[PDB]
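A.B. asks: First, the structure itself, so that you have it in front of you.
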Amino acid sequence: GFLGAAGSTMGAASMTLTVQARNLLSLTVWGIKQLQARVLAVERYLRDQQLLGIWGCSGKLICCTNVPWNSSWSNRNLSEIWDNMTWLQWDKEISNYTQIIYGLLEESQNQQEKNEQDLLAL
Amino acid sequence: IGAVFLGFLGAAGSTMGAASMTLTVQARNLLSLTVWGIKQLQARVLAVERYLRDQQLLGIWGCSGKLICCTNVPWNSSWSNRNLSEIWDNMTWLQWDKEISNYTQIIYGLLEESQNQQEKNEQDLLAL
Amino acid sequence: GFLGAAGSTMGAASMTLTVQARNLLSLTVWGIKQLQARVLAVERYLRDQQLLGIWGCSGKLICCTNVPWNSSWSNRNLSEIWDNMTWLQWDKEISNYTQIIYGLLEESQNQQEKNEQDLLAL
Amino acid sequence: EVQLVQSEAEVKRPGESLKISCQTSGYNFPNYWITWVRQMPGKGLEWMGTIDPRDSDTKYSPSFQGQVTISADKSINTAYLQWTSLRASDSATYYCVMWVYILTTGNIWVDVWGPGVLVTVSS
Amino acid sequence: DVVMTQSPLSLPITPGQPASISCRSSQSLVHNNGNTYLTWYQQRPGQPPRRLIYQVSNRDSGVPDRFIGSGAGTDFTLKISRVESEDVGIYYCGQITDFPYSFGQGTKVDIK
Amino acid sequence: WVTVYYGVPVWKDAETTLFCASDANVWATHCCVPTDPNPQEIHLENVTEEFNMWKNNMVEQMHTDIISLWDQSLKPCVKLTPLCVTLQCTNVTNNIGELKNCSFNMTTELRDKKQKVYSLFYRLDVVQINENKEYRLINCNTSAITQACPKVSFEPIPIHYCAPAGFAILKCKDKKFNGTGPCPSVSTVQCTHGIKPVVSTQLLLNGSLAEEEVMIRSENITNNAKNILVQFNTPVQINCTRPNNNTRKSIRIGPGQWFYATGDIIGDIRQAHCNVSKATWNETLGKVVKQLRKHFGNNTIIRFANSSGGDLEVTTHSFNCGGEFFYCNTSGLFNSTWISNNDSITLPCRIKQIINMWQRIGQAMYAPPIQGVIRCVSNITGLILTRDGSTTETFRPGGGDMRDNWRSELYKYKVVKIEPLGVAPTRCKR
Amino acid sequence: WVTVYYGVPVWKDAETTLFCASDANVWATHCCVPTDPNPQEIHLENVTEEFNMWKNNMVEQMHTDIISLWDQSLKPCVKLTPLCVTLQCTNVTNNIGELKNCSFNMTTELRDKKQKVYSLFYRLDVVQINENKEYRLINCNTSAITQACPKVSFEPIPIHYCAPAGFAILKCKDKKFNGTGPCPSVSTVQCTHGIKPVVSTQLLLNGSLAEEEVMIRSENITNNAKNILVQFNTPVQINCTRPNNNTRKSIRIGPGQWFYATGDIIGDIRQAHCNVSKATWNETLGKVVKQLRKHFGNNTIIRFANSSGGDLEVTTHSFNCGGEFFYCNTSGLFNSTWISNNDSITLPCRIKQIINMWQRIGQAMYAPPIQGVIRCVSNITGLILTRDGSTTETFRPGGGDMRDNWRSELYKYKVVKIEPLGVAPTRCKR
Ligand SMILES: CC(=O)N[C@@H]1[C@@H](O)[C@H](O[C@@H]2O[C@H](CO)[C@@H](O[C@@H]3O[C@H](CO[C@H]4O[C@H](CO)[C@@H](O)[C@H](O)[C@@H]4O)[C@@H](O)[C@H](O[C@H]4O[C@H](CO)[C@@H](O)[C@H](O)[C@@H]4O)[C@@H]3O)[C@H](O)[C@H]2NC(C)=O)[C@@H](CO)O[C@H]1O
Ligand SMILES: *[C@@H]1O[C@H](CO)[C@@H](O[C@@H]2O[C@H](CO)[C@@H](O[C@@H]3O[C@H](CO[C@H]4O[C@H](CO)[C@@H](O)[C@H](O)[C@@H]4O)[C@@H](O)[C@H](O[C@H]4O[C@H](CO)[C@@H](O)[C@H](O)[C@@H]4O)[C@@H]3O)[C@H](O)[C@H]2NC(C)=O)[C@H](O)[C@H]1NC(C)=O
Ligand SMILES: *[C@@H]1O[C@H](CO)[C@@H](O[C@@H]2O[C@H](CO)[C@@H](O[C@@H]3O[C@H](CO)[C@@H](O)[C@H](O)[C@@H]3O)[C@H](O)[C@H]2NC(C)=O)[C@H](O)[C@H]1NC(C)=O
Ligand SMILES: CC(=O)N[C@@H]1[C@@H](O)[C@H](O[C@@H]2O[C@H](CO)[C@@H](O)[C@H](O)[C@H]2NC(C)=O)[C@@H](CO)O[C@H]1O
Ligand SMILES: CC(=O)N[C@@H]1[C@@H](O)[C@H](O[C@@H]2O[C@H](CO)[C@@H](O)[C@H](O)[C@H]2NC(C)=O)[C@@H](CO)O[C@H]1O
Ligand SMILES: CC(=O)N[C@@H]1[C@@H](O)[C@H](O[C@@H]2O[C@H](CO)[C@@H](O)[C@H](O)[C@H]2NC(C)=O)[C@@H](CO)O[C@H]1O
Ligand SMILES: *[C@@H]1O[C@H](CO)[C@@H](O[C@@H]2O[C@H](CO)[C@@H](O)[C@H](O)[C@H]2NC(C)=O)[C@H](O)[C@H]1NC(C)=O
Ligand SMILES: *[C@@H]1O[C@H](CO)[C@@H](O[C@@H]2O[C@H](CO)[C@@H](O)[C@H](O)[C@H]2NC(C)=O)[C@H](O)[C@H]1NC(C)=O
Ligand SMILES: *[C@@H]1O[C@H](CO)[C@@H](O[C@@H]2O[C@H](CO)[C@@H](O)[C@H](O)[C@H]2NC(C)=O)[C@H](O)[C@H]1NC(C)=O
Ligand SMILES: CC(=O)N[C@@H]1[C@@H](O)[C@H](O)[C@@H](CO)O[C@H]1O
Ligand SMILES: CC(=O)N[C@@H]1[C@@H](O)[C@H](O)[C@@H](CO)O[C@H]1O
Ligand SMILES: CC(=O)N[C@@H]1[C@@H](O)[C@H](O)[C@@H](CO)O[C@H]1O
Ligand SMILES: CC(=O)N[C@@H]1[C@@H](O)[C@H](O)[C@@H](CO)O[C@H]1O
Ligand SMILES: *[C@@H]1O[C@H](CO)[C@@H](O)[C@H](O)[C@H]1NC(C)=O
Ligand SMILES: *[C@@H]1O[C@H](CO)[C@@H](O)[C@H](O)[C@H]1NC(C)=O
Ligand SMILES: *[C@@H]1O[C@H](CO)[C@@H](O)[C@H](O)[C@H]1NC(C)=O
Ligand SMILES: *[C@@H]1O[C@H](CO)[C@@H](O)[C@H](O)[C@H]1NC(C)=O
Ligand SMILES: *[C@@H]1O[C@H](CO)[C@@H](O)[C@H](O)[C@H]1NC(C)=O
Ligand SMILES: *[C@@H]1O[C@H](CO)[C@@H](O)[C@H](O)[C@H]1NC(C)=O
Ligand SMILES: *[C@@H]1O[C@H](CO)[C@@H](O)[C@H](O)[C@H]1NC(C)=O
Ligand SMILES: *[C@@H]1O[C@H](CO)[C@@H](O)[C@H](O)[C@H]1NC(C)=O
Ligand SMILES: *[C@@H]1O[C@H](CO)[C@@H](O)[C@H](O)[C@H]1NC(C)=O
Ligand SMILES: *[C@@H]1O[C@H](CO)[C@@H](O)[C@H](O)[C@H]1NC(C)=O
Ligand SMILES: *[C@@H]1O[C@H](CO)[C@@H](O)[C@H](O)[C@H]1NC(C)=O
Ligand SMILES: *[C@@H]1O[C@H](CO)[C@@H](O)[C@H](O)[C@H]1NC(C)=O
Ligand SMILES: *[C@@H]1O[C@H](CO)[C@@H](O)[C@H](O)[C@H]1NC(C)=O
């Protein structure tokens with residue numbers, strides 16, 4: 001049921017997040033190729049995990065941040081986004097802001113950790 | 001005293017209530033000139049995959065970063081009808097692992113769902 | 001820049017930690033070297049993540065612990081350490097104590113988790 | 001650094017009891033062990049016994065097993081050795097030795113001895 | 001029990017020259033946790049002993065490079081690369097076991 | 001009440017690949033992973049486990065690696081298929097027959113030139129074709145023959161096997177363990193002791209000794225199809241020699257292509273042989289019988305007879321010493337009936353140069369001549385025996401797989417997979 | 001008070017495996033990962049570092065990998081061991097001897113057929129055996145000879161070396177840096193500049209120039225066992241040629257295998273040679289001398305003498321132009337004494353086809369012929385000099401390690417391991 005949510009709207013689809021996550025880790029000729037495949041799968045997994053770490057969302061499938069939506073990335077109503085769009089359509093809709101949002105998530109987490117250190121030192 | 005450290009497997013023959021004190025000892029040792037060295041690369045890769053599968057499950061269940069985590073999932077009794085005074089005090093982890101091996105997948109499935117519900121509820125609260 | 005903070009003092013450098021962290025993992029004969037290099041980068045990455053996990057600092061670039069500084073490791077004033085030293089100098093300054101500090105961090109985290117279980121069991 | 005501080009030297013007549021003590025300072029560590037040893041003039045050391053102050057659990061040396069006891073006192077960073085009575089044969093230099101132990105390592109990183117305190121027996 | 005003897009128990013040393021002390025046990029000092037626990041101490045006259053070597057061969061903090069430990073089983077030794085007048089005193093081979101804990105006889109080092 | 005724990009001291013039997021390790025050219029440059037100068041051995045208190053030396057995959061891995069390394073070692077060496085020609089042959093120079101004096105027309109560095117060359121050969125490597133007489137090298141009809149590089153040693157330098165991360169090896173401390181079932185006293189190691197990769201047939205020449213008593217182990221005993229491996233509690237001193245001062249010459253057969261030929265013999269021509277202390281040997285057989293009787297009856301008569309027929313690898317005791325391959329007639333060692341209630345034994349040995357090292361077809365190795373005089377000294381640590389199958393139980397020495405020479409050291413070790421994740425009920429809830 | 005910090009910008013000296021990169025059939029036929037079209041360099045303010053170009057193992061990898069690449073490129077190519085035949089050979093025809101007309105009995109696609117083949121050879125690759133006269137190819141007693149496939153070019157296209165994740169390369173910006181100590185001005189790069197994998201002996205003809213002044217570097221200077229590497233701050237142009245219009249023909253030697261050989265000479269016969277600007281060369285040495293004096297004395301006389309005797313590989317200046325191998329007599333460049341207070345120099349060059357590229361024994365490469373006339377232009381970028389070791393200091397050109405041609409580019413780079421995890425005292429506690 002790994003891609004069972006593929007045609008679902010975002011508000012329906014984000015319930016199977018676990019189902020997909022749990023399936024991501026799963027001689028000469030036919031010798032080296034399989035080792036290469038395992039290594040690359042590992043790197044993909046780790047890059048996603050590192051980013052969740054960087055943004056403060058490690059250990060979660062769903063996490064809220066304190067970054068506002070800036071409207072200009074998408075001016076669609078949230079009721080349009082969550083109920084009348086699928087994740088694939090959505091990802092395409094805002095694909096060019098991926099790096100902006102990620103940079104903001106990163107900076108926010110740095111500010112939050114800095115403030116916590118100041119408070120624990122107080 | 002007795003310089004008790006026990007070692008890597010350490011007191012594998014001790015009961016669970018004594019044994020689950022050396023969890024870190026084991027965790028710290030799980031990651032540890034020409035050609036045909038592919039055998040070792042294969043070994044290294046497989047060790048990595050094993051490590052990651054365990055870590056992913058701890059993540060999915062909400063127990064990441066801990067050696068011991070409490071969950072909010074009930075024990076359903078049929079899995080084991082032994083008293084805690086019997087389980088922790090008169091059994092080793094190896095005996096225990098065998099005792100409930102047939103429920104591994106039951107418990108794990110329940111753990112995943114509980115965490116799914118917990119994250120859903122947290123988002124509803126943060127959206128309030 | 002990835003090592004741009006290298007000559008900065010510790011109190012200046014420990015703001016760019018994400019810059020360094022995010023760049024740590026980044027057909028025939030010799031392809032084995034390439035694969036080996038990828039595997040080794042992963043192992044290095046995982047050892048650091050494991051220790052942060054073990055010490056209770058998972059998901060953070062900066063974490064405070066409940067372990068006190070025992071002075072003999074370094075008798076410099078915190079203001080000397082943070083304002084008049086770089087991390088590279090500091091790393092040399094307390095090189096030999098690495099295993100002591102880590103042993104204390106590991107012990108502390110185990111005691112903390114034990115106490116959490118006792119409270120959740122209450 | 002880690003230091004042990006010992007109590008004053010004292011002289012007793014045989015048949016009289018005695019309390020001797022040590023205090024720990026200059027560091028902040030979790031688990032550590034305290035042991036007592038004795039140095040007889042012209043001799044090396046005799047082990048008297050050891051305690052883990054966290055648990056308050058002592059094994060003792062077979063020698064003096066039923067003659068001298070020790071306390072615990074983790075809460076005040078101290079250690080005690082108590083004789084039920086002294087004998088002429090007990091005149092010696094007494095030591096506390098502290099072993100700083102990491103529960104996750106199996107190593108004693110600190111092995112500190114106090115300077116030695118005399119307990120003598122006279123008349 | 002671990003009964004420990006030392007040899008020689010009297011070791012005058014030509015100043016500036018190397019020397020060593022033997023340490024011999026009644027039984028193995030290997031613990032069930034797999035480590036060997038045996039330590040060396042230096043007791044200068046008028047002083048408490050200082051630990052020099054930890055776990056047979058680990059030179060401890062602040063300990064001169066002059067002190068080298070080695071051994072296995074029941075056969076242990078302390079080697080001094082050069083003996084200084086500073087090294088005059090009694091060396092002990094301490095025994096960490098499954099109880100009783102014990103100390104060896106002690107070897108006096110002097111200059112001659 | 002579910003609590004999840006990680007770092008749980010449990011394991012499952014598992015088959016994995018072990019790696020070799022070495023303590024400071026075959027074997028000699030196989031640096032493997034440098035070993036730990038002071039390895040840790042952890043006793044497992046209260047822990048017992050079952051072992052089975054007859055089903056031990058570690059044995060299979062030694063076979064896999066040992067065979068692979070020997071094949072790899074010949075990869076860059078000069079082929080001797082150019083020598084597969086007819087030879088004219090006569091006797092050597094002796095009064096009154098193992099050696100032959102044979103000659104042939106060989107290639108040189110140029111394709112347009114030929115040379116008359118000759119060398120000494122052992123009878124076992126040469127076969128008559130013209131049923132002087134005409135001969136061919138005995139293996140040229142069916143296999144490639146490759147010369148071992150003369151600079152490469154095969155000395156069985158001990159190596160250690162170690163588990164990869166996620167795995168550990170359990171080891172027995174049970175002095176009486178018979179190879180299978182529960183082992184009451186165990187410890188865990190990352191690495192095994194060093195084991196010399198010795199190849200032999202009838203005798204086990206350089207292994208470990210039993211701690212107290214001669215140990216006799218078999219997959220079955222009752223089933224006569226199985227071998228019996230006997231581990232002595234004391235070594236038997238054996239001294240072997242090839243008492244002929246031989247010389248060697250190189251022949252250029254092509255561009256950088258050299259063949260190493262036996263030149264001549266200085267002095268007398270004598271048979272290769274092995275000397276086994278007679279007194280020790282008799283004592284060890286008596287010890288073996290006392291222990292064998294435990295399975296046959298206290299007053300059962302035990303007889304030692306010689307080997308059955310077949311190839312030298314199964315009828316004689318073979319070994320590699322000095323680079324030469326010896327085939328010793330051990331019948332001189334098994335001539336005794338043991339009934340309830342200084343000197344030496346000299347065994348003649350045959351010498352061969354073209355060796356089917358792993359008893360395979362198509363891959364023959366040629367052992368280049370060894371100059372000088374060979375002396376070999378070894379500790380016989382055990383035997384490979386079979387039952388000759390009612391008041392007398394007869395045993396015979398015999399050959400077997402090379403695997404049986406390795407399980408003889410490996411019976412004390414098992415490898416398991418560490419499985420640190422698991423759950424248990426407690427009194428806590430989030 | 002203990003706080004753990006992760007992502008700390010610190011490092012340790014380190015050695016790892018580097019990979020190549022290239023900015024998009026030749027040389028790196030497997031090529032490399034594409035380079036960054038706009039690579040970054042991070043100036044490090046208030047950072048100093050210590051470099052040692054003589055212990056720089058980035059050089060060792062460059063060496064090792066070039067050898068590996070070289071050998072792989074010959075793997076599928078035609079073997080010339082079938083040419084190890086007796087040659088009937090005489091002078092090609094000229095007036096009052098570099099080229100000879102040799103004929104031989106060659107194989108064809110069928111084993112039952114033979115052909116008469118003749119071709120031209122350089123005298124340096126042919127040895128007389130019957131001391132037409134009988135000759136053989138000079139290496140047919142010692143080594144296998146492999147024809148380089150003519151389809152593969154070895155032009156030394158520059159590549160960049162790049163560090164793997166977890167590593168970084170530090171680089172010097174110090175224009176006066178000599179490579180044996182602290183470098184006050186550094187920056188961080190992931191990849192090096194492009195470096196040409198060029199092979200030469202006495203002169204370096206296509207590397208980098210010094211930014212300001214001629215640099216003279218040596219591990220020691222005082223110790224005469226060390227070489228002196230001289231880097232120019234200006235290029236010196238050299239025009240080289242093999243001024244002989246030649247043809248090529250192929251011979252089938254067996255199924256699928258062709259041998260390439262010089263057919264004929266369809267012009268005059270002339271010696272190969274190189275023309276270096278005379279004025280530039282004189283000025284160039286004067287600059288070298290001015291800098292050499294810093295280590296010898298302002299009034300010390302400096303002399304340039306030619307190379308010592310020995311094989312062409314160590315006495316001449318060799319290079320690869322168009323795939324042809326030249327061995328030039330540089331004596332004309334080093335024949336003067338420098339005492340304090342348009343034209344060209346023509347150097348004759350010998351041509352060889354059998355090349356022991358890595359100075360190994362048993363592995364020789366045969367350079368196939370090139371048709372037409374060869375013209376090649378290069379830049380002296382540096383020299384390899386030695387001290388000839390009471391008021392005169394004499395230097396000679398000479399050979400050196402192949403590694404020495406590369407450390408001259410890599411002296412500015414160091415590999416370091418990134419160590420992101422560490423601790424420091426803070427005022428915070430959980
Ligand atoms: C020390 C050192 O290495 N210094 C280098 C110099 O070597 C380098 O000099 C250049 O070297 C290359 C390779 O040797 C020369 O390129 C060859 O040129 C000939 C002639 O081609 C002419 O006609 C072409 C027609 O379109 C023109 O494009 C080209 O520019 C010329 O005008 C080619 O024939 C060579 O090979 C090609 O043809 C053959 C035919 O069979 C093929 O097999 C090959 O695969 C290939 O297709 C080479 O192309 C180049 O001219 C040299 N430069 C000079 C000035 O001589 C120098 C860079 O110039 O850099 C130094 O550092
Ligand atoms: C059971 O275990 C025993 C004990 O380990 C093994 O016996 C040893 O086997 C090795 C290998 O065969 C023997 O070593 C050989 O000794 C020869 C003689 O050495 C003496 O004379 C030389 C003369 O120059 C001196 O240099 C040397 O110091 C000694 O004085 C050597 O000639 C052998 O070869 C060496 O030199 C050649 C020269 O080109 C090299 O190429 C070789 O690599 C090597 O360097 C070799 O050293 C050893 O002596 C044996 N010991 C005994 C007591 O005999 C058994 O073989 C083993 N059994 C089995 C079945 O494995
Ligand atoms: C059989 O073995 C012998 C050596 O053991 C092989 O070599 C032959 O040895 C004899 C005696 O040394 C040689 O004869 C001598 O030749 C010299 C030459 O000047 C002559 O002066 C002496 O008077 C004597 O004749 C003989 O030539 C030598 N043969 C060769 C080919 O070297 C013999 O070849 C071996 N035969 C075979 C078939 O292998
Ligand atoms: C989600 C998003 O905006 N993605 C970007 C693409 O839309 C963009 O495509 C370009 O959009 C322009 C808007 O008017 C078009 O005029 C232009 O033709 C179109 N380009 C193509 C190739 O379709 C691309 C490229 O600019 O960038 C994405 O990030
Ligand atoms: C608390 C709990 O989950 N208890 C489990 C029991 O419910 C379960 O038996 C139940 O039997 C019914 C009979 O028709 C099934 O329909 C029902 O699905 C099944 N419940 C579950 C959760 O599978 C027993 C079966 O061994 O295990 C208890 O743990
Ligand atoms: C099996 C065998 O014969 N080995 C040879 C030894 O016998 C031989 O004799 C040894 O001589 C020593 C000289 O005093 C004796 O002490 C020693 O006991 C004796 N060994 C035995 C087994 O009796 C040695 C040569 O010294 O060579 C062995 O190969
Ligand atoms: C192995 O089993 C023995 C017997 O159950 C254990 O010994 C007990 O250990 C506890 C501490 O854990 C002591 O309080 C008891 O007094 C011991 N009883 C006896 C009779 O020895 C032992 O601890 C277990 N684990 C080991 C030894 O590794
Ligand atoms: C085995 O043969 C070799 C020769 O192959 C003998 O070597 C001799 O050693 C002595 C030592 O001084 C030399 O003077 C001789 O000249 C050597 N012989 C030759 C032919 O050079 C060696 O001694 C012989 N060994 C035995 C055991 O007989
Ligand atoms: C081992 O040696 C024995 C002893 O020489 C060989 O067998 C002998 O063969 C002769 C031939 O007639 C008989 O007369 C002897 O009685 C035989 N002796 C024995 C004990 O049978 C035997 O064949 C040799 N075996 C090998 C494998 O070489
Ligand atoms: C060593 C040898 O066999 N040489 C013979 C040679 O004597 C004979 O004359 C020739 C054919 O006549 O064939 C060669 O093989
Ligand atoms: C170590 C040992 O003695 N193992 C078995 C034993 O467990 C078994 O019961 C017996 C026959 O039943 O055969 C022994 O070899
Ligand atoms: C192509 C060639 O060289 N062929 C010669 C042939 O002309 C000569 O007559 C014969 C011996 O006489 O040897 C052959 O190799
Ligand atoms: C390298 C070389 O051959 N140099 C020669 C030299 O030996 C000779 O003596 C001189 C004239 O005699 O001409 C030089 O070119
Ligand atoms: C597909 O579209 C229909 C239209 O009503 C909807 O009901 C159904 O749930 C949709 N399926 C998914 C996967 O969203
Ligand atoms: C280098 O030192 C100067 C001195 O004021 C300082 O301003 C500058 O920022 C320093 N650079 C770094 C990397 O800290
Ligand atoms: C750390 O150990 C090394 C060992 O050579 C020693 O040189 C160094 O001084 C020690 N650390 C310090 C701060 O001295
Ligand atoms: C060796 O001599 C014997 C004597 O009869 C003879 O039969 C045998 O054939 C000879 N060997 C050869 C190779 O001629
Ligand atoms: C056994 O001893 C007898 C005694 O004469 C002897 O003849 C026989 O050949 C011997 N058998 C073996 C195998 O040595
Ligand atoms: C035989 O075992 C003894 C036991 O110490 C050993 O000293 C001797 O060298 C061994 N012999 C061989 C050849 O290994
Ligand atoms: C070939 O050149 C050599 C060079 O010395 C000369 O001696 C020889 O006579 C020449 N041969 C012919 C045929 O001209
Ligand atoms: C090949 O012939 C040359 C001619 O001088 C000689 O130097 C070289 O050593 C010979 N090679 C062999 C393998 O003998
Ligand atoms: C450059 O050469 C001088 C000569 O004494 C030496 O002192 C200096 O350290 C060298 N510097 C480097 C970076 O090699
Ligand atoms: C090489 O030939 C070119 C052709 O124009 C000329 O300009 C250049 O100066 C020549 N170089 C030398 C060193 O003669
Ligand atoms: C070699 O000699 C033959 C003899 O006919 C002649 O035809 C040929 O042209 C000569 N080779 C060359 C390249 O001149
Ligand atoms: C060589 O001669 C041929 C004859 O046609 C001519 O085409 C070719 O261009 C000449 N090559 C040179 C470089 O002159
Ligand atoms: C020599 O160096 C100059 C420097 O700009 C360069 O332009 C020229 O192409 C170089 N020539 C060669 C042949 O490398």
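Chain identifiers are assigned as A, B, and so on, following the order in which chains appear in the structure tokens; residues are numbered from 1 within each chain, and ligands are numbered from 1 in order of appearance.
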Which residues are near ligand 9 in this structure, taking near to mean any atom at most 9 Å from a ligand atom and counting only C-alpha atoms and all ligand atoms? Format them as a list in words.
C.D. replies: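 Final answer, ordered by chain and number: residues 306, 307, 308, 309, 310, 312, 315, 316, 317, 327, 328, 329, 330, 331, 332, 335, 347, 348, 349 and 350 of chain F.
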A.B. asks: Excluding residue 24 in chain D and residues on its chain fewer than 2 positions from it, collect all residues at most 7 Å away from it, counting only C-alpha atoms, and give them as a PyMOL selection string.
C.D. replies: chain D and resi 3-5+22+77-78
A.B. asks: Okay, now the selection with N, CA and C atoms, as a PDB file, in the first residue's frame?
C.D. replies:
```pdb
ATOM      1  N   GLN D   3      41.081  15.715  45.361  1.00  0.00           N
ATOM      2  CA  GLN D   3      41.894  15.536  46.538  1.00  0.00           C
ATOM      3  C   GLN D   3      41.117  14.882  47.653  1.00  0.00           C
ATOM      4  N   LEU D   4      41.834  14.160  48.492  1.00  0.00           N
ATOM      5  CA  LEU D   4      41.219  13.633  49.682  1.00  0.00           C
ATOM      6  C   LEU D   4      41.780  14.382  50.844  1.00  0.00           C
ATOM      7  N   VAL D   5      40.922  14.644  51.791  1.00  0.00           N
ATOM      8  CA  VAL D   5      41.285  15.343  52.989  1.00  0.00           C
ATOM      9  C   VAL D   5      41.111  14.386  54.131  1.00  0.00           C
ATOM     10  N   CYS D  22      37.758  10.590  56.240  1.00  0.00           N
ATOM     11  CA  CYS D  22      38.215  11.278  55.044  1.00  0.00           C
ATOM     12  C   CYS D  22      37.097  12.100  54.415  1.00  0.00           C
ATOM     13  N   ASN D  77      29.871  13.860  51.242  1.00  0.00           N
ATOM     14  CA  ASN D  77      31.172  13.672  50.628  1.00  0.00           C
ATOM     15  C   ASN D  77      32.250  13.215  51.613  1.00  0.00           C
ATOM     16  N   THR D  78      31.920  12.264  52.500  1.00  0.00           N
ATOM     17  CA  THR D  78      32.921  11.783  53.457  1.00  0.00           C
ATOM     18  C   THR D  78      32.997  10.276  53.525  1.00  0.00           C
TER      19      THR D  78
END
```
A.B. asks: Show me which residues are within 8 Å of ligand 17 counting only C-alpha atoms and all ligand atoms, and format the list as a list in words.
C.D. replies: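 Residues satisfying the distance criterion: residues 89, 90, 91, 92, 96, 97, 100, 101, 102, 132 and 133 of chain F.
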A.B. asks: List as a PyMOL selection string the protein and nucleic acid residues near residue 78 in chain E, meaning an atom at most 12 Å away when only C-alpha atoms are counted, but skip any in the same chain fewer than 6 places from it.
C.D. replies: chain E and resi 6-8+18-24+38-42+52-54+56-59+66-71+91-94+106-107
A.B. asks: Go through chain D and collect every residue that DSSP, computed from the backbone, puts in strand (DSSP E or B); the answer should be as JSON, numbers by chain.
C.D. replies: {"D": [3, 4, 5, 6, 10, 11, 12, 18, 19, 20, 21, 22, 23, 24, 25, 32, 33, 34, 35, 36, 37, 38, 39, 45, 46, 47, 48, 49, 50, 51, 52, 57, 58, 68, 69, 70, 78, 79, 80, 81, 82, 83, 92, 93, 94, 95, 96, 97, 98, 99, 100, 101, 108, 109, 110, 111, 112, 113, 117, 118, 119, 120, 121]}
A.B. asks: Check every protein, DNA and RNA residue against ligand 24, keep those with an atom at most 8 Å away (counting only C-alpha atoms and all ligand atoms), and present them as a PyMOL selection string.
C.D. replies: chain G and resi 92-93+101-103+118-120+262-265
A.B. asks: List all protein, DNA and RNA residues that have any atom at most 6 Å from ligand 23, counting only C-alpha atoms and all ligand atoms, and write the list as a list in words.
C.D. replies: residues 237, 238, 239, 275, 276 and 277 of chain G
A.B. asks: Which polymer residues have any atom within 8 Å of an atom of range 11-23 of chain A, counting only C-alpha atoms, with same-chain residues fewer than 2 positions away left out, as number ranges by chain?
C.D. replies: A: 1-3, 5-6, 8-9, 25-26, 61, 82-83, 86-87; B: 56-57, 60, 112, 116
A.B. asks: Counting only C-alpha atoms, a student should be able to say which residues of chain B come within 9 Å of chain E; what is the right answer, written as an NGL selection string?
C.D. replies: :B and (2-8 or 10)
A.B. asks: Within 9 Å of ligand 1 (counting only C-alpha atoms and all ligand atoms), which residues show up? I'd like them as number ranges by chain.
C.D. replies: G: 25-26, 150-157, 196, 198-200, 204-207, 239-240, 319-323, 370-371, 374-380
